[PDB]
Structure formats: structure tokens, C-alpha cells
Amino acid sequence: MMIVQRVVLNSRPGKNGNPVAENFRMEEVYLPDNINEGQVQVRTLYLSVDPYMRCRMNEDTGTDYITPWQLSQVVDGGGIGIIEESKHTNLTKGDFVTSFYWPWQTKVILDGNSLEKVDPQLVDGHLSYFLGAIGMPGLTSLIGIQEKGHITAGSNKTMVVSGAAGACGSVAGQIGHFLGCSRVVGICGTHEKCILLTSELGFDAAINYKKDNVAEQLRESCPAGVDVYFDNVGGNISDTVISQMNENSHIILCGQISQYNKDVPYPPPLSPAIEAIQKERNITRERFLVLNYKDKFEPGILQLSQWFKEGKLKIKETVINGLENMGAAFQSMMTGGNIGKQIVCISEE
């Protein structure tokens, strides 16, 4: 047996705690030399870290959609790899495959049925895009806008995006323009990200919530109010945005990342004053869970791919190398170190 590396849950930060690199631990383990019928041996190429993983660090995730990781057991999440050996009828050495529950380990023996083969032509050979813009975050943005945004044919709406330089947000803002908004404004956490948005991703304006006057800048950059809010963050930021939203406007309630490490359920309740405004102005604020639109994954991926290949959709990512950096990458992402999709490259081939 050859020795490979893997990552296990070392400790929990507590439901009110901050995640740190050291909640995870690297181990060296043997990889079995033989696989069974129906199984494949895969080499891991890229792994995703994503905010929802914070929940799997707790004893109770707070939702049936994801289960808690267990102390000292291998952790898992979105991944992409290449088949090294197959005893599954529909997979063959050299196929590129993805799983939602890829164990954080350099080489893995997996049930062939748990994997999906992917076509690298969809991403011009940039396989890591399958974990981001031409993956679940991209679908979340495209489907969320389609289903919850109500961007009418021929209209000239203003869209605001929170978490605007992250995975979902950076795509959402571009899609807002693609699909007919005349104004797209992003809110994000650094001046570097503001520049990215307006100089590369085509946002009409960007606001740094840590340093700028958010209400003031939204009044300046959204002179006709806000019709569509793609909300990744919640909290104080969303209160400020909602206060400037128009009658019959729409909140795409993607995530509420500002309410993490507090024991706060989703959808989190708007404060009394902000709920009053929401209701007065008939602002819609429904649950949105991308998995409820599985039937749109095919056209969604096909559209994301097309826009990318056309040079319209600009795909940003921040890649860190080495499985030993999974914990660091997750912590970094949670605290805003990522521009676009946070990726960890496990083998650079």
C-alpha cells in the first residue's frame, strides 16, 4: 500500500466560535492496493472550500441538507479529479469526474456511482471552474436571478449585490447586466475588490462596506433605488440596502454570511424597522435553495459555459496549493482573503 495524505476534523470551534486552521488536521494514511467492482481509484486535482462548511463544523448543522462532520473522520466537499483505475462500467482511466462529497485526500477509492463525468471543453480545460462559475456557485447565481429576481424583458432595473467579489456575487453581478439590468452595484470588503468589480467585471459601481459610507454611496450610485438585491451577507449591510429598495422589488436571499458564528437560523428575521419597510414596499424575500432547481442545472451550466466561452462572463478565483492548506483556505475565505472562488489545488497537472 502507498501512503497518501488526508484531512480530518480535529476539533470544533463551537457554534458561537470562529473557525481556525487548527480545527482541521492532516494525516498520512495507507491507500488500499485493490478496488472492488463498481469502484474507481481517483487522483484529486482540486477541492472547494465554501461558507456552508462552517455549519458542518458544528455538532448540529441546523439543517437536514448537510450533516455534521465527525471528530477525527475525513472531511469532504466539492471536488474534481481524474480516474486512475476503474472497475465501474461507465468510467475509464483518464475521465475527469466531480463529486459533491469528495473526501479531502490526495488519492481516494470511491463508489463509481457517486461521481459525475464532466467535459473539460465546457471550461476550456480550466477544471477548477467546475467548482465555481461553471459549477454550483454559478448555478446559484444564474438560477437565483432567474427564479427570484424578476428581471422583466425590456426593463431597466438596478441591481445591488452583497458579497460582490466572492464566488456567487462576482457572477451574479455580471448576470444582472447580461439579463437586462441597466445598473449593477456591488458591496464588498476591500478597495482591491472594488477595483476588480468595476475595472474587470463590469459593475457600474462598487462600495467598500468596511470603509465607505454605505447608505450615502448607494444613494449616489443607485439614484433610482434598488429593484433587485442579490444578498450573500445579511445583517447591517442588507438593512441599508433594503432601506433603499423600490416598491415590488426582490431580494434573492442567497446567503447570510454576516450572521455566521452566531446561533442564527435562516431565513434570519429582519429587524422590526426593516421588516416594516419590506412589508410597506411589498418587497419579496423568499427562501432560495439551489438544489430545488435540479432540472435547471443542465441549461444553467450550458449558459454559464457559453457566456464564458464568448468572453462575456469573467471568471475569478483564488487558488492555494496543497491539501495541507485546506484549513487555511477555509479560514482565509471566511475572512475575505478570496477574490472570486476559493480553490485548493491538490495536484497541479
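Residue numbers here begin at 1 and follow the sequence given. Basically, rigid core = biggest C-alpha set you can superpose within 1.5 Å across the two forms.
> Which stretch is more displaced from the shown form in 5 other deposited structures of this protein, 156-164 or 263-271, with RMS over structures and residues of Cα positions after a rigid core fit?
Of the two stretches, the larger average C-alpha offset in 5 other deposited structures of this protein falls on 263-271.
> Should the higher mean CA B-factor in the entry be assigned to 327-335 or to 13-21?
The entry gives the higher C-alpha B-factor average to 13-21.
> Given the B-factors recorded for C-alpha atoms, which segment has the greater mean, 311-319 or 26-34?
Higher mean C-alpha B-factor in the PDB entry: 26-34.
> For the C-alpha B-factor as written in the entry, point me to the maximum among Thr240, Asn232, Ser141, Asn90.
The listed residue with the largest C-alpha B-factor is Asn90.
> Which of these has the highest Cα B-factor in the record: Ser114, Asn236, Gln278, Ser170?
Of the options given, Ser114 has the highest CA B-factor in the PDB entry.
> Based on the entry's values, in what third of the chain does the Cα temperature factor of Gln39 lie: lowest, middle or highest?
Answer is highest: the recorded C-alpha B-factor places it there.
> Relative to the other modelled residues of the same chain, rank the CA B-factor of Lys211 and answer lowest, middle or highest third.
Its C-alpha B-factor belongs to the middle third of this chain's values.
> How does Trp69 rank on Cα B-factor within its chain, lowest, middle or highest third?
Top third by C-alpha B-factor.
> Comparing against every modelled residue in the chain, figure out the third that the C-alpha B-factor of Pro223 lands in (lowest, middle or highest).
For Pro223, whose C-alpha B-factor we compare with every modelled residue in the chain, the answer is the highest third.
> Going by what the PDB entry lists, where does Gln303 fall on CA B-factor within its chain: lowest, middle or highest third?
According to the entry, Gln303 has a C-alpha B-factor in the chain's lowest third.
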